[PDB]
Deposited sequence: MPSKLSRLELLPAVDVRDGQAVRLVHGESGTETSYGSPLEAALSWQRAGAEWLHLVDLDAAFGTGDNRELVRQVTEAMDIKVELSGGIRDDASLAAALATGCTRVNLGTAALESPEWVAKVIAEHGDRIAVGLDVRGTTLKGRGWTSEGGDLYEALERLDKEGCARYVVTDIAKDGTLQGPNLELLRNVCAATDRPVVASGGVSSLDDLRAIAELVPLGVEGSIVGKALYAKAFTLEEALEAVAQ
């Protein structure tokens, strides 16, 4: 019943980067993705959240590197970025990742997503990236949650685009509202800036928040992953 932490490694042009508002062109560079992933594992990570931003933005991909990072992890891996058709899904699953996230591109094909959920079950989570309650493009958040619930979706990763990469703090109201709408586990993404922010998210575990993806706060050294794991421990 402890909040799971998913430290992030987002890859663009073979490098570990952070974005602001998930926007292409806002990259700040932090070097080797496998050095970053191994650093999180060393520090006690349970999960890696691994994102292929080139695949997400349609500017080629980093398939070999994300396979190599995934296969190097003894820990669980959640893989995201441009998973939108049978081939991109098969490439992601072939990494041996624990689960994938289907996001905005996938959701342009809701019937395909329904089929993928039916076939792959708990290996699939859906990424819901919102400004307010409007999906990126992309539709109402709550209508999407109702449809995906019915399709048997196991899990949602909810990103507040307005807060992602800003270090301003997470949107706790959004998380509470999503948890009121669905019985499925919710993974929080975007805006974490401090240990207090993680403690605040951890208070929402009983509502249905299962985990928190943490990016910029770790790379920008607001706290260490060891400190974060301790803060949410019981």
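Taking the first deposited residue as 1, the stretches without any C-alpha atom are 1 to 5, 143 to 148.
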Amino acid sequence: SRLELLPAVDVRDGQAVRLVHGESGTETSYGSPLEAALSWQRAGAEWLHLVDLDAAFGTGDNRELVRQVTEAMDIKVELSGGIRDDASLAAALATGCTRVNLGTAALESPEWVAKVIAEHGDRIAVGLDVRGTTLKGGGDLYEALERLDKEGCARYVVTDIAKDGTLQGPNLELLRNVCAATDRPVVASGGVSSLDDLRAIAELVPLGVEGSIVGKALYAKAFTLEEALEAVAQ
From here on, numbers count along this sequence of modelled residues.
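Averaged over CA atoms, B-factors in the entry run higher in 117 to 125 than in the other of 117 to 125 and 79 to 87. In this entry, 107 to 115 shows the higher mean Cα temperature factor of the pair 107 to 115 and 70 to 78.
Compared with the other modelled residues of the chain, the Cα B-factor recorded for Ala92 ranks in the lowest third. Per-chain ranking of the deposited C-alpha B factor places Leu229 in the middle third. When all modelled residues of the chain are sorted by CA temperature factor, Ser29 is found within the highest third. When the CA B factors of the chain's modelled residues are split into thirds, the value for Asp10 lands in the lowest one. When all modelled residues of the chain are sorted by CA temperature factor, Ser193 is found within the lowest third.
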